[PDB]
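*Asks:* Compute the structure for the input listed below.
(chains A, B, C, D, E, F, G, H and I)
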Amino acid sequence: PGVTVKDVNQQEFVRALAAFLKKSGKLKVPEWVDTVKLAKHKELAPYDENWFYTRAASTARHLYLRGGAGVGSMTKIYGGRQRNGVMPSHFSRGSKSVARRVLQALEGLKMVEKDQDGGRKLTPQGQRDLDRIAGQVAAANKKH
Amino acid sequence: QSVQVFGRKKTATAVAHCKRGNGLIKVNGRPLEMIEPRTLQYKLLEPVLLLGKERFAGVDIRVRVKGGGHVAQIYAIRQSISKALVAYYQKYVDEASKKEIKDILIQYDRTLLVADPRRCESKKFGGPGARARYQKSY
Amino acid sequence: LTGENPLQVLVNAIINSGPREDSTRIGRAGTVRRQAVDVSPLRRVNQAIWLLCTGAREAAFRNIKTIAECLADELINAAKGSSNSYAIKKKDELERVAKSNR
Amino acid sequence: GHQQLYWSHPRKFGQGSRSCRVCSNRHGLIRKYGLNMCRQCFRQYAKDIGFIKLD
Amino acid sequence: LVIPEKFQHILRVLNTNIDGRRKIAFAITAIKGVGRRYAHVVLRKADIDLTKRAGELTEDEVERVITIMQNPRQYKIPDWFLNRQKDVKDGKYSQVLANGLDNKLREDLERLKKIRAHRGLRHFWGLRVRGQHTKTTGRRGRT
Amino acid sequence: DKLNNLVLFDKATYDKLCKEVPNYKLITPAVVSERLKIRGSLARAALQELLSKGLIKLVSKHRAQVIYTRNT
Amino acid sequence: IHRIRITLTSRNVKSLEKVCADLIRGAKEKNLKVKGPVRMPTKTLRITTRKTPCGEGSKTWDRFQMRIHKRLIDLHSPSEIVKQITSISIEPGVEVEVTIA
Amino acid sequence: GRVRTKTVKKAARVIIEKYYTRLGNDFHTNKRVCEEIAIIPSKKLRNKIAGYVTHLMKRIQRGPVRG
RNA sequence: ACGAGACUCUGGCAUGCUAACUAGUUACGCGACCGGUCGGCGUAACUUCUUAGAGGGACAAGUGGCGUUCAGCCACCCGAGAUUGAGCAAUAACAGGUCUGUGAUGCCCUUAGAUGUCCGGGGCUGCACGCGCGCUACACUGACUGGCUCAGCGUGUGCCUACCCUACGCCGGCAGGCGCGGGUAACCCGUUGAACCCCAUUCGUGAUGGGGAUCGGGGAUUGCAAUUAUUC
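*Replies:* Residues are numbered from 1 along each chain as shown, chains lettered A, B, ... in the order given. I have put the structure below:
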């Protein structure tokens, strides 16, 4: 028993996990979080319907890796161009309306919350919870 | 004491703590041909088809694999496994068996022990880069 | 998936296609002929398939034979064993033209 | 007046506010690392300051 | 997964006759308000897909989107998704007729002419109302 | 050059063109794309539909090429 | 606490190495544990100027360069001994700083 | 171009005509001896001298040389 | 005897050495069950990744061939590497440029607005390419899953710098005019705050989705003007 957050690959087990978290149905969608520009480099946006879970994925990966961060310093990792017409490129950022309202829709999910030094951080009860979902699905249908 | 150089190449590194343990077949902790970038996934399947299942029942290689760059992080796992087999066989039974599997692996491909020395070179006067010069008018 | 002997793809390309002569510029005035030269395989492959790849890319830009299926035709007319390649036919006809310098 | 004119609409990009610390000249200034020398005076005094040509 | 969808002899959405030569379901080259991020907002707020066989299909998506975009202020969202807010020649995001004039609608010829502006001559003579440089570069933009 | 080929589907021209893939020993993406004069995505859909009924074993999905194998 | 750090900064490595080795020797003569010389990434100060005082001739440049090497040694001793051991007549050009934690 | 400058040639000739018995046919040992019995202010120049000394002793092993 | 070379800096290599509470280990471990290591905190391994120093290492050294069998040249195993960048750089000269870099200067001379001052006061940047340097990728390769590849060179504040680099919270949709902190720096920005190449928005062929033709808005980085060069 027991699995680690950085042992195996992520796509399919988070597919199952985010499918469960989208079929929960308790998430009443904030109505001012989809019209967001986010970034210019994207010609489109995620349609997984775990899209709020996608900015949550950015927060989760880039705060587990290096703590004490928000959703703007989370990308130093795609350097090169952002050919944006007449002005030069920029470095990634994060919309804070999106963060406010994912925070308002993330109470009770025990994933992440505002830390005590700015940004986001994994909750201890939530950390136990996510290790528990990992282990339980490992024992049940994903890693047995 | 402790002899540990693990694997590295170009920029990336697979820290290979070699000891006794489970030693299951895993790359980045992940299955045999399952890596997400999906480009160079066969390079490890080859040797384990020759010896047998008993040989990897006690070689735990715990790897901290960090580094962006395919030709760096890939081609460093082959270096890491070559050094793992070399150290295991040298310390345990004798260097003749290490001689043999190192012979097959290294004479199989030269480029493990040798990295590319090529690196971006300095920019110079009166030009957009290292060798190019600004257009000369008359 | 071929089911047959797999050597056919490698051994059905060039052994009759392979250019075996070319030529070089002439004198100080005149371009209507070209002094014959032939090489050991190394420079004949160098020159002939440099010009082959260059012509194929300059003219075959916007190719209907585009990648994700660009293995079959060239891997069957690349290595050895046939006379069926088309830029190769250009260079072979000009090879005969150059061969006429004897 | 002096106090009715000074620092009213600020000189947030003053170019005549600096000069070479050696020759009182305003062009070719090198303000990096607080040198505040014109480039010619800097080339004159570089060896004394500690800058050397290695490459 | 195959569809008995037939050859689309006639493709009329906005009362004009153009024959889409290429593939179908993206004949919006003449449709002015569907696609990219606003269409993605509509998609996330609509939950629809096109999992049927491609090649030959039908295009109710653009009709529905423009129909709901007749009154795009229903959600009381300050609308930065549209083409021309604050605009002259129509107070609200209302509807006007006839196409072939979008360039004219992005260069309103009456008020600029009546205000006697030199930027008006930039707009009208074909010069650069922002001021790109023209002699050799910037030879696209006024030619 | 508008491609006006046999694409129209009526009561008699429907069931006479979409039955070429599963009835030949030599089926390849090259033939269907650059020689069969109809879109190869229809061939991809036909292969996927044959996959759906357990004839082959899917491995991975792609926008041009289809990867299946069988072990029976 | 006895946490004392000595920070040495100089533009040359011979004199800096001599002073660090002398400090380590002085600390190790006495029964005094000292954390070895921590070598900082030796920031380099570059200044590129035009060679000509006028604006004539081919564009030639001078790439002047200043290297600043810095070391840290951490140890545990009473301040009387650190005052004793700093007095070693450090050669000119080696900035020495002593700090307490 | 790998032509040895007259500096290394003269230094090697002096070394070998003064210390003929210590040197041999091995580059490593010749390099070490050149370290011992001469002051060469450069490691590259020392290696060049040692290499030309090895070449010169290969010359001498098959007969006399004029310099 | 100068110059060339040597030399100096710079890369490219150390399962060797010197050892780092600022970035990188920990199984006398808790933040885990149906025996796979789990990120403000967990740092008695003299360190492999990082930093930088004392050294090592390459010499046409080994072999074959050519050559007076000399100096050398070519090829090939072995090798991290079989000439990586640069810097410095003779003698004799240009009536070369600089008196607008300089209390570096000889000679000779202007306005009474000493170029002493007067954030007093339309001097451009316009478009017959009259000229010169530039702003400049051609469809599966051309492009979107904050998408698991990816940076490194460096800069940064209270002596005339009260004109520093910015994290985090302002939430009209994120740089942002308001607050509140960090950093004189391997310490904070920073594992470098609206990123490359890539990715079923997709073209089974190509004037379309595939790449920007003047050129209007939603909130404006906040600049004595900006339009008669700042601004998404």
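
*Asks:* Any idea what residue G:96 is bridged to?
*Replies:* Under DSSP bridges, the beta-bridge partners of residue G:96 are residue G:8.

*Asks:* so how far is residue D:55 from it?
*Replies:* 29 Å (Cβ to Cβ, to the nearest Å). For the C-beta atoms, the positions are set from N, CA and C on the backbone; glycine is no exception.

*Asks:* Tell me which of the two has more neighbours.
*Replies:* residue G:96 (14 against 6; other Cβ atoms under 10 Å in any protein chain shown).

*Asks:* dump the residue contacts of the more buried one.
*Replies:* G:6, G:7, G:8, G:19, G:86, G:90 (Cβ atoms under 8 Å, 6 or more residues apart in numbering or on different chains).

*Asks:* For the third one, the count of nearby residues, please.
*Replies:* Other residues near residue G:8 number 22, with proximity taken as other Cβ under 10 Å.

*Asks:* ok, and the closest non-adjacent residue to the spatially most central residue of chain C?
*Replies:* In chain C, the C-alpha closest to the average C-alpha coordinate belongs to residue C:88, at a distance of 3.3 Å (Cα atoms, centre = their mean). Closest residue to residue C:88 apart from its sequence neighbours, by Cβ to Cβ, 6 or more residues apart in numbering or on different chains: residue C:17 at 4.5 Å.

*Asks:* Which element, helix or strand, includes the one you found?
*Replies:* Remark: residue C:17 resides in no helix or strand, with elements defined by DSSP states H and E.

*Asks:* Angles on the backbone of it, please.
*Replies:* For residue C:17, the backbone dihedrals are phi -70, psi -40 (criterion: degrees, to the nearest 10).

*Asks:* same thing with residue B:15?
*Replies:* Taking degrees, to the nearest 10 as the convention, residue B:15 sits at phi -60, psi 120.

*Asks:* Also residue A:112?
*Replies:* phi -150, psi 160.

*Asks:* Can you verify my assumption that it contacts residue A:122?
*Replies:* Yes. Contact status for residue A:112 versus residue A:122: in contact at 6.0 Å, counting by Cβ atoms under 8 Å.

*Asks:* Overlap in contacts, the two.
*Replies:* Common neighbours of residue A:112 and residue A:122 (Cβ under 8 Å, 6+ apart) are A:60, A:63.

*Asks:* ok, now how distant is the residue in chain D positioned nearest to chain A from residue F:61?
*Replies:* Nearest residue of chain D to chain A, counting by Cβ to the nearest Cβ: residue D:13, 21.0 Å away. With distances taken as Cβ to Cβ, residue D:13 is found 59 Å from residue F:61.

*Asks:* Could you check which of the two has the larger neighbour count?
*Replies:* residue F:61 (10 against 6).

*Asks:* what residues are up against the more buried one?
*Replies:* residue F:67.

*Asks:* for residue A:3, same thing?
*Replies:* By Cβ under 8 Å, 6+ apart, the neighbours of residue A:3 are A:131, A:134, A:135, A:138, A:143.

*Asks:* so how far is residue A:57 from the spatially closest residue to the second one that is not a sequence neighbour?
*Replies:* To tie it back to what came earlier, the one meant is residue A:134. The shortest distance from residue A:134 to any non-neighbouring residue, by Cβ to Cβ, 6+ apart, is to residue A:3 (4.8 Å). In this view, residue A:3 and residue A:57 are 18 Å apart by Cβ to Cβ.

*Asks:* Repeat that for residue F:31.
*Replies:* For residue F:31, the distance to residue A:57 - Cβ to Cβ - is 43 Å.

*Asks:* go on, residue B:111?
*Replies:* 36 Å.

*Asks:* more neighbours, these two?
*Replies:* residue A:57 (17 against 13).

*Asks:* Can you say which helix or strand has that one in it?
*Replies:* Going by DSSP H and E, residue A:57 is in helix A:52-65.

*Asks:* how far does the helix or strand just after that helix sit from the chain's center?
*Replies:* Later in the chain than helix A:52-65, the nearest helix or strand by DSSP H and E is helix A:96-104. Here helix A:96-104 is found 12 Å from its chain centre; the criterion is Cα atoms, centre = their mean, to the nearest Å.
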